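**Student:** Would you mind keeping the following structure in view while I ask a few things?
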Amino acid sequence: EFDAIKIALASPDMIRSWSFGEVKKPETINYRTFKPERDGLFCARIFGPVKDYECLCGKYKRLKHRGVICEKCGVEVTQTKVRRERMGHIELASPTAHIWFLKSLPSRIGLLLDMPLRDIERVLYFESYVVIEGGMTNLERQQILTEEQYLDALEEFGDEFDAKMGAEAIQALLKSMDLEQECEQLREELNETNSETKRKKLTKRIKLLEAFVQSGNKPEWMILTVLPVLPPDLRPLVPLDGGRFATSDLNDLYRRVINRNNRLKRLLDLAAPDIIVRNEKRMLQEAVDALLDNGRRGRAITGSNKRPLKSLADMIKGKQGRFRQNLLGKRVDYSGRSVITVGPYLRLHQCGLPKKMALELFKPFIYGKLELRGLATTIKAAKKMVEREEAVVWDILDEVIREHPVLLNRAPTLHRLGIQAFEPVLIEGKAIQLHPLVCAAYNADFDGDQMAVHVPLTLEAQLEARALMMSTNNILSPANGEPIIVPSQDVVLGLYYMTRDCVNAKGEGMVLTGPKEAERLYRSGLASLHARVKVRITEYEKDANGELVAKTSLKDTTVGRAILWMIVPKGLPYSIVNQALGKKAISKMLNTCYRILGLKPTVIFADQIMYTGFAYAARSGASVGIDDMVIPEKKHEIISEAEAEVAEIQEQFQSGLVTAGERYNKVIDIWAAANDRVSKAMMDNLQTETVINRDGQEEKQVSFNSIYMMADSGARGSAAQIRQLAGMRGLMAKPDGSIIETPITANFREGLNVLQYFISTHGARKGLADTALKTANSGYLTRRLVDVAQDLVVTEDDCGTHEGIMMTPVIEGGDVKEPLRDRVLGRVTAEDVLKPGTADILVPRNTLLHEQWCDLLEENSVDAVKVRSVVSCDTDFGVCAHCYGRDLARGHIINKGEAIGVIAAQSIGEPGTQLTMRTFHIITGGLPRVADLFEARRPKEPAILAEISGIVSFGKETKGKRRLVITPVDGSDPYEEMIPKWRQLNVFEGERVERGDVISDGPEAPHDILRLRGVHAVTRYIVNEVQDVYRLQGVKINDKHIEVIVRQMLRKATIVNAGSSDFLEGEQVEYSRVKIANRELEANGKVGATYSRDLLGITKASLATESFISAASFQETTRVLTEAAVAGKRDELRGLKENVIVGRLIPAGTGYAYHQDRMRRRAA
Amino acid sequence: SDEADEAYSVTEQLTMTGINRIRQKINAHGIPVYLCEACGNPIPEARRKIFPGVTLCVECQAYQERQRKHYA
Amino acid sequence: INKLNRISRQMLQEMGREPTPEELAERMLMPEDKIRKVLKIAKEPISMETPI
DNA sequence: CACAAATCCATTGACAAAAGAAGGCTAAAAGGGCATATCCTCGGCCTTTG
DNA sequence: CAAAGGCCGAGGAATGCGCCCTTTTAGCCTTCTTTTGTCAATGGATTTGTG
Ligand SMILES: [Mg+2]
Ligand SMILES: [Zn+2]
Ligand SMILES: [Zn+2]
Ligand SMILES: [Zn+2]
């Protein structure tokens, strides 16, 4: 409908073009009748009627009188939503400089006049006259004169002398200004001003002058003469209860302007002196300022309160502004929340919706059904039916709800799995029943959390929920393709108890005929669930071109192993269930089922796993007692020995043999060591038990202790919490991080006395205070990242580039901490992978390295594959599907369209929430280190590099820094470095060093790494560091996501050789533009311009957006809007955030086709 | 999550990082130095038997502890 | 309104707790409906940006 | 298939009411004139006082 | 020769703030003229009755 937004400076005439009438009186309503006034801010002539199709007084009260203007009040009879649309204007009696173009930092008026800000402010607030074209009389244009000086200069000069003060002075300075002429003089000086500050500011000014020329703006429009008036329904004066009214602050500021403007007209008509009229003009200036942007002058005028009034600039900016939480965060209909419960019988695709929420949300659908089937004559009769909640509204509910997903969403949507479409299953009660295997995605436990359900309304949104967000489509973490459907705690304890043998149970060494017979034997109670039997198992192995050959054999398994084999689908081997099956065993079981069989068998398998886990966990009868905390008997022996050691060390310290802090360290170490012995002793007591037996002799097997079974099945708990339960508690911290050296020699099976329970409170309160505040800013990294990587979208199928990073294993000194197959799975190869025979193309090229190719690669022991990276993609304004990879949220390759930048932001932010919130140093860690990493900050101690290649050489001695020069083997050596002798060198002056090499030691600033070595160098650096943190805590997140964030980082170019192109030299340009520019200029008979690639921290790169509707969201709205106005910018929308704001489809998801067809039209 | 389980993780990390810092400061395995690196004095036998690998006698050690107490 | 405030500020002190509008209309000369509407005249309504 | 009573259709007269349309009257809202001259704190600032 | 004190001024809460009188302006309130909706007559052109 518009396809683009334009912006400019508003002319006085255009401000009257909008207006429907000039507001003159300050009044608002009548105080008695409450009727709008004849010229007040709430008028009826200016801003339209108060009731629909009904003039103010009431002569014309028919909709048949539409559009006619009443005669007694002039109020045209229209709809009173027109009053929410019509502007008015205020005829300022004096020009008043628009505060944005004056008190903004560059001050477009100031840098456009080539005048200092204080000087304009002196002319403006009536300090000093200014020469405005003073003829030939030796007067200086824009030369300030003071009062006395203006008088005496006027002495001997009865001739014009043309000097003025006030806003009229600046208006006559701007109006007289010739913009192209100044561009010409500034080009002629830039010709011959070849010195840095002079020609620098020359060019920096000619840029704005040429821009003011192009944008159509006139320079003097920044001096308001007419002032527009926001319509009444955007600043209402509505009544509250009991004669009470509630207004906007905008009405106060508007009244202040109107009063002072009317008084100024009065003063001028009354011929008042200079002091009074000057002061009235200053007052009108400050009033208009406060109206536009209250607070830039100082101080923010306060209302009938202590707090400032809110203004227009405030009405847009700030989280209470329009952009923040009215342009994105909106309250939505057809929605509602409740308290979630388990509902463990559902399938992965459904959610128990209460009948009452379902009857409220689906109201219009139900009304339509009752009037379609004839059960309700009209919509009123259907309304009464479903209000009584009769007997057929329930059948209609079943029919309407039948295939109609509902979006379930929980409050911290860290990732896109905090929204999933489920099919509603109607239930009694008022709690939403949420599948158990979905809590991991939602981060939802059933101790009182709540969920919001929304209802898709369109067929297209029904198909987006079903096809896209349905819970049985999203089962792999989008950050890393491991399935997100891992069974959690009753399930894994069920599968562990059943799949866990003991030495002599009922029915040992029977040879069952198969899993059916083992189940029939167990359920009749003839055999126990863990009784090692020979069982005949038929497993089907797709060892073929997907042929599924069957093979039967005689395995040795427990009865539960075989009972559970009945649920496993065909393609899976039998060794998958033949072990104990803790937590990781189950996650890997689902994973291999997914890598063999796909998505439908995996969803079925997940449901069957949950069902059998819950069933055999209930049959487990796995309680928790007090006798289950087996305190080891050697605990007080170990504590006596440790107490003796601390007493001995204290005796030596008393004899001056050690210091104080030394002995503190010694005793802290003694207590940590004795705690380790107690924990080890208790776990070796707990983790095994004796039992008899076929032949009759005692035999040790793993313990069936319940606390241990829960810690060891991976179901819940771990040996540390087990240590606190039966072993000793240990040493406790303080909030400072110091360690209280009086340990907790007690456990929780015993008690703590008052002192130890006090001492533990220190660390407890510290941890809770941190977890309470981490919850506050839980999603700041995700938001920072989606600021910069938002507009990045997969827009192309293949770019064809042969660039690609060389993926290899990370060998962290010893072994590998991440193999090549893991780092390379899912990526598209960039070149042919040759066999170790060095003549056999193993994987040819553009081959999505799935698990087959990845196994082929690890098999030949090919350990350096060149893969295509998102950072080396030759695509413009996007990425292709080949340089990206596979999806990792769906097993397949990425689709053309997928908005991978937002996926990358959330895939780095959500997993980051599992990291420490405060940085800790060991290689630091925590989230703050990751944020600083992406901000690309300069480390204070940069290991200096070798900027040029050549023979090393030194120079002058200690001019602060020891000097060095590198001189090429055949080239010039104009680069020398002030190497600090503090920077203790690494290479002697007699070892010729290659370019891009270390000189000093220390942290490498990524800017220098990028400038010395390939972009691949900077990208490998960044991914290796940030993944260092993420592996430090144990969290897995792919490298694709860091790579796309980095490609958003280094997206600016700096031009060295401008070539035959049209780029200025020392200029930074969007690299995606300069690429196409040099490509085109080299297409024709020119040569391209060569640049130096840049790098910006995410908060710096996201501040450079091609649009301005988007950039006014996460930035200062005021600076962005002032700049866009003076630039005459137009936003051709082409973005995600802009199309969200303006209310159309985004170009990312299903909207990609809409935007493609629309671009077809706009190019036709 | 329960809001106390994450608190547990925070407290665990805090205490462990403190414990291991105060452990690394011990440097039990070491070299027999036999003489002070500050005053060259004879580090007495008992102090080298208690702390294998000392570098300061108790006087210079306590001195350094005062300064590193304040800072810098 | 200024006169109403003056007479009330005096009468509450001299009469005890507070002047009921019948008492003001008696002490004043008004007809006790005019006084009630004068009381009902709202005052300086509010900033709709007020916190909740 | 021929002749007189039964009944939808359109004007007349009379006219009750609804709608304005003015004229008059208050009360309400706006405007005008007024003629001795001029609090509490804090702190500089200077007169007086010793 | 300095010190106390008397004096003046530069800055803030607020227990702080018009009254009496003339003159227009709004609006309500009654009174009357006209457009409009209604009840009853009073034939007059199809509908039915008849043989
Ligand atoms: Mg909860
Ligand atoms: Zn009207
Ligand atoms: Zn590409
Ligand atoms: Zn010593």
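Please note: Cβ atoms are built from the backbone with ideal geometry, for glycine as well, and neighbour counts cover all protein chains shown. The numbers here are math on the coordinates, done by the rules we state, and not lab data.
**Student:** Can you name the number of the only condition in (1) within 10 Å of chain B (Cβ to nearest Cβ); (2) touching an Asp or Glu at 6+ places or on another chain (Cβ under 6 Å); (3) assigned to a loop (DSSP other than H, G, I, E, B) that A:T771 fails?
**Tutor:** (3)
**Student:** Quickly run through region A:30-47 and pick out the residues that are in a loop (DSSP other than H, G, I, E, B) and within 13 Å of ligand 2 (Cβ to nearest atom).
**Tutor:** Hits for region A:30-47 are A:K35, A:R38, A:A44, A:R45.
**Student:** Given the condition more than 40 Å from the chain's Cα centre (by Cα) and over 26 Å from A:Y522 (Cβ atoms), answer yes or no: does some residue in region A:602-622 qualify?
**Tutor:** Checked against the condition, which is being more than 40 Å from the chain's Cα centre (by Cα) and over 26 Å from A:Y522 (Cβ atoms), region A:602-622 yields no hits at all.
For (1) within 23 Å of A:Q687 (Cα to Cα); (2) in a helix (DSSP H, G or I); (3) within 11 Å of chain B (Cβ to nearest Cβ); (4) in contact with a strand residue (DSSP E or B) (Cβ under 8 Å, 6 or more places away or on another chain), each residue gets a yes or a no:
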{"site": "A:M710", "(1), (2), (3), (4)": "yes, yes, no, no"}
{"site": "A:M732", "(1), (2), (3), (4)": "no, no, yes, yes"}
{"site": "A:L752", "(1), (2), (3), (4)": "no, no, no, yes"}
{"site": "A:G763", "(1), (2), (3), (4)": "no, yes, yes, yes"}
{"site": "A:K766", "(1), (2), (3), (4)": "no, yes, yes, yes"}
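**Student:** Follow-up. Looking at region A:622-659, which of its residues are part of a helix (DSSP H, G or I) and either touching a strand residue (DSSP E or B) at 6+ places or on another chain (Cβ under 8 Å) or not hydrophobic (A, V, I, L, M, F, W, C) (or both)?
**Tutor:** A:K635, A:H636, A:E637, A:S640, A:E641, A:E643, A:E645, A:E648, A:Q650, A:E651, A:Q652, A:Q654
**Student:** Within region A:684-699, identify whether any single residue is part of a helix (DSSP H, G or I) and aliphatic (A, V, I, L, M), and answer yes or no.
**Tutor:** Yes.
**Student:** Another question about this same structure. Scan region B:18-72 residue by residue and report those that are away from chain A (no Cβ under 11 Å), more than 27 Å from A:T924 (Cβ to Cβ) and among the polar types (S, T, N, Q).
**Tutor:** B:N41, B:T55
**Student:** When the residues of region B:21-46 are filtered to those that are within 10 Å of ligand 4 (Cβ to nearest atom) and crowded, with 16+ Cβ neighbours inside 10 Å, which remaining residue is farthest from A:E741 (Cα to Cα)?
**Tutor:** Checking each candidate, the answer is B:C36.
**Student:** Give me the residue from region A:774-794 that is among the β-branched types (V, I, T) and either part of a helix (DSSP H, G or I) or touching a strand residue (DSSP E or B) at 6+ places or on another chain (Cβ under 7 Å) (or both) and, out of that set, nearest to the other protein chains (Cβ to nearest Cβ).
**Tutor:** Per the criteria, the residue is A:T782.
**Student:** Follow-up. What number of residues in region C:1-45 are surrounded by 15 or more Cβ atoms within 10 Å (Cβ to Cβ) and either among the polar types (S, T, N, Q) or assigned to a loop (DSSP other than H, G, I, E, B) (or both)?
**Tutor:** Number satisfying all stated conditions: 5.
**Student:** Any idea which residue in region A:633-674 is farthest from B:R21 (Cα to Cα), counting only those that are among the acidic types (D, E) and facing chain B (nearest Cβ under 8 Å)?
**Tutor:** Top of the filtered list is A:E662.
**Student:** Of these, A:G897, A:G925, which one is buried (at least 21 other Cβ atoms within 10 Å of the Cβ) and within 25 Å of A:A1101 (Cα to Cα)?
**Tutor:** Going through A:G897, A:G925 in turn, just one is buried (at least 21 other Cβ atoms within 10 Å of the Cβ) and within 25 Å of A:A1101 (Cα to Cα): A:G925.
**Student:** With the requirement that a residue be more than 23 Å from A:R388 (Cα to Cα), among the hydrophobic types (A, V, I, L, M, F, W, C) and assigned to a loop (DSSP other than H, G, I, E, B), what does region A:341-362 give you?
**Tutor:** Scanning region A:341-362 gives A:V342, A:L346, A:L348.
**Student:** For region A:1065-1089, name all the residues that are within 28 Å of A:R937 (Cβ to Cβ) and of a type outside the set (F, W, Y).
**Tutor:** Result: A:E1065, A:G1066, A:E1067, A:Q1068, A:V1069, A:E1070, A:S1072, A:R1073, A:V1074, A:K1075.
**Student:** So, in region A:853-874, of the ones that are assigned to a loop (DSSP other than H, G, I, E, B) and buried (at least 21 other Cβ atoms within 10 Å of the Cβ), which residue ends up nearest to ligand 2 (Cβ to nearest atom)?
**Tutor:** Selected residue: A:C873.
**Student:** Where residues in region A:928-958 are among the charged types (D, E, K, R) and part of a helix (DSSP H, G or I), which of them is farthest from A:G1097 (Cα to Cα)?
**Tutor:** A:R929
**Student:** Just the residues that are under 30 Å from the mean Cα position of the chain (by Cα) and closer than 22 Å to A:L597 by Cβ, please, taken from region A:819-872.
**Tutor:** A:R821, A:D822, A:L825, A:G826, A:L848, A:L849, A:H850
**Student:** State whether the residues of region A:59-68 include one that is away from DNA strand D (no atom under 16 Å from the Cβ) and either over 30 Å from A:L174 (Cα atoms) or surrounded by fewer than 21 Cβ atoms within 10 Å (Cβ to Cβ) (or both).
**Tutor:** yes
**Student:** Name every residue in region A:48-79 that is more than 20 Å from A:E37 (Cβ to Cβ) and within 15 Å of DNA strand E (Cβ to nearest atom), in order of residue number. Give the steps one after another, and end with the answer.
**Tutor:** Filtering region A:48-79 for residues more than 20 Å from A:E37 (Cβ to Cβ) gives A:52-53, A:61-68, A:79.
Answer for region A:48-79, where residues must be more than 20 Å from A:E37 (Cβ to Cβ) and within 15 Å of DNA strand E (Cβ to nearest atom): A:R62, A:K64, A:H65.
**Student:** Of the numbered conditions (1) away from every other protein chain (no Cβ under 14 Å); (2) touching a strand residue (DSSP E or B) at 6+ places or on another chain (Cβ under 7 Å); (3) surrounded by 15 or more Cβ atoms within 10 Å (Cβ to Cβ), A:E699 fails exactly one; give the number of that condition.
**Tutor:** Single failed check for A:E699: (3).
Yes/no matrix, rows are residues, columns are (1) farther than 27 Å from A:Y125 by Cβ; (2) of a type outside the set (D, E):
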residue	(1), (2)
A:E168	no, no
A:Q171	no, yes
A:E182	no, no
A:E188	yes, no
A:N194	yes, yes
A:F212	no, yes
A:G216	yes, yes
A:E220	no, no
A:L227	no, yes
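**Student:** Looking only at region A:503-539, which residues are among the basic types (K, R) and assigned to a loop (DSSP other than H, G, I, E, B)?
**Tutor:** A:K506, A:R532
**Student:** Within region A:81-125, work out how many residues are among the aromatic types (F, W, Y) and touching a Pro at 6+ places or on another chain (Cβ under 6 Å).
**Tutor:** Going through region A:81-125, the residues among the aromatic types (F, W, Y) turn out to be A:100-101, A:125.
Right, trim to touching a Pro at 6+ places or on another chain (Cβ under 6 Å) and you get none.
Residues in region A:81-125 being among the aromatic types (F, W, Y) and touching a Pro at 6+ places or on another chain (Cβ under 6 Å): 0 in total.
**Student:** Hey, another quick one. Just to be sure I understand, how many residues within region A:1-26 are buried (at least 17 other Cβ atoms within 10 Å of the Cβ) and over 30 Å from A:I1109 (Cα atoms)?
**Tutor:** Final tally of qualifying residues: 3.
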